[PDB]
Amino acid sequence: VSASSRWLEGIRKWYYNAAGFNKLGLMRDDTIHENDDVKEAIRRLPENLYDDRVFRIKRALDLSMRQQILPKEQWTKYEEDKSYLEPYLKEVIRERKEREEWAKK
Amino acid sequence: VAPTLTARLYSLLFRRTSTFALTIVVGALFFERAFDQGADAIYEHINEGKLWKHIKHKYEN
Amino acid sequence: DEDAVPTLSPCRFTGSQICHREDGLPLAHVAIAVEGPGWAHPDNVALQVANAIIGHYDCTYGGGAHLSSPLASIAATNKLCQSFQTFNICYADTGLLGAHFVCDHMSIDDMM
Amino acid sequence: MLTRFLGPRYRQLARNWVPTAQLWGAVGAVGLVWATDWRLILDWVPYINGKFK
Amino acid sequence: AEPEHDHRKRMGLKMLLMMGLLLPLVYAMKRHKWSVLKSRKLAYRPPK
């Protein structure tokens, strides 16, 4: 709760800012590497999130191309950083792991 | 004699790919000579050690 | 009448592109044009002749392969579109001269 | 059986492409001349007399 | 040891002058073609 948790939280906030995806309006989940589990989670996203995710990636690739970056006010703020993919990814993994358990017997 | 200048180049020579090519080939010929002599003379000035000495030894052949 | 009656100012033609990507719609619509001269210009007649040679097509036209216009003919046999139309739109001292077409996602390139 | 390409349109076609086929040949010529330094042909050009005599 | 010494530096001089002419030009050719992309503007317009 206290001093320590905030210190780990501020270290996490620090890494986040240093990581710099925020500068390209990206969200953490937009940066995930695409393996099968992930490819499936993307697939399972609802229409809105899927569309928003493509616009973000596009906005970033465009920025990344001309090596520019977004004005500071438009950077994504840490913990306003919605992890939209997580629940889907989690379930896809959970599904795979069950297949895997069955494959052992 | 400036706006109409690159305009004429385009009108008379760059429009067709025919002329465009003909002009760069005619343009490669003259340029080669002008760049060669022009650069030889720059290599010539910064030196004066090679065959400027020729006037002496030879002629006596 | 008297004061407060302005004329029309010329309109700069630019020459660019606007792409509204939307994979939800089933057929692509594309419209391309160069700057044409206005209403007044004598040369709208020759442009209309050339446009006519290119003509128009639609999937309900009888005569596919045998159509005179090569665009129309190649479009029908190879099924490169659902429709296409040339146009020559006129305004004061300018205009849009070109064509518009409607086709399947994998046929935009061949069509162009 | 090359009588397929004999008619008014083909005759109109040939003419429309002549200035172009002619200008392509001028390109090919000067291009050949300048690339091998064709002594015979070059010596007649005002400047580019970098072979003195 | 190096008989080609002079001639090489004459070519090297020419290599520097050619490059100084060619480099900016090819760069401008490439920037001109990349223009379309550099100034492209995007807009996102979702339903609702």
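Per-chain numbering from 1; labels A, B, C, D and E assigned in written order.
In the analysis below, contacts are C-beta pairs under 8 Å (C-beta built on N, C-alpha and C of every residue); 3 or more make two chains touch, one makes a residue touch a chain.
Enquirer: Give the chains in contact with both chain A and chain D, ordered by label.
Expert: Correct list: empty, since no chain touches both.
Enquirer: From the Cα centroids, identify the chain that ends up most central relative to all protein Cα atoms.
Expert: Here the chain at the core of the arrangement is E.
Enquirer: Can you identify which chains form the pair with the largest number of contacting C-beta pairs?
Expert: Comparing chain pairs, contacts are most numerous for B-D.
Enquirer: Could you work out which chain's C-alpha centre is the most distant one from the centre of chain C?
Expert: The chain farthest from chain C, judged by C-alpha centres, is B.
Enquirer: Would you mind pulling out the distance in Å between where the CA atoms of chain C average out and where those of chain D do?
Expert: 38
Enquirer: How many Å are there between the centre of chain B and the centre of chain D, using C-alpha atoms for each centre?
Expert: 24
Enquirer: Measuring from the mean C-alpha position of chain A to the mean C-alpha position of chain C, what distance in angstrom results?
Expert: Centre-to-centre distance between chain A and chain C: 44 Å.
Enquirer: Nearest whole angstrom, what separates the Cα centre of chain D from the Cα centre of chain E?
Expert: Chain centroid spacing, chain D to chain E, equals 33 Å.
Enquirer: Which positions in chain B touch two or more other chains at once?
Expert: In chain B, no residue touches at least two other chains, as defined above.
Enquirer: If you look at chain A, which of its residues touch at least two other chains?
Expert: none
Enquirer: Sort out which chains touch which and give me every pair.
Expert: All touching pairs, sorted by chain label, are A-E, B-D, B-E.
Enquirer: Taking the touch rule as given, give the residues of chain B at its contact with chain D in the complex, in rising order.
Expert: Spelled out, the residues of chain B in touch with chain D are 16, 18-19, 21-22, 25-26, 28-30, 32-33, 36-37.
Enquirer: For chain E, which residues are in contact with chain B within the complex?
Expert: 6, 9-10, 13-14, 17-18
Enquirer: For the complex, which residues does chain E have touching chain A?
Expert: Touching chain A from chain E are residues 37-38, 40, 42, 44, 46.
Enquirer: Please output the residues of chain A touching chain E within their complex, sorted ascending.
Expert: 48, 51-52, 55, 58-59, 62, 65-66
Enquirer: Once bound in the complex, which stretches of chain D touch chain B?
Expert: The touching residues are 19-20, 23-24, 26-27, 30-31, 33-34, 47-48, 50.
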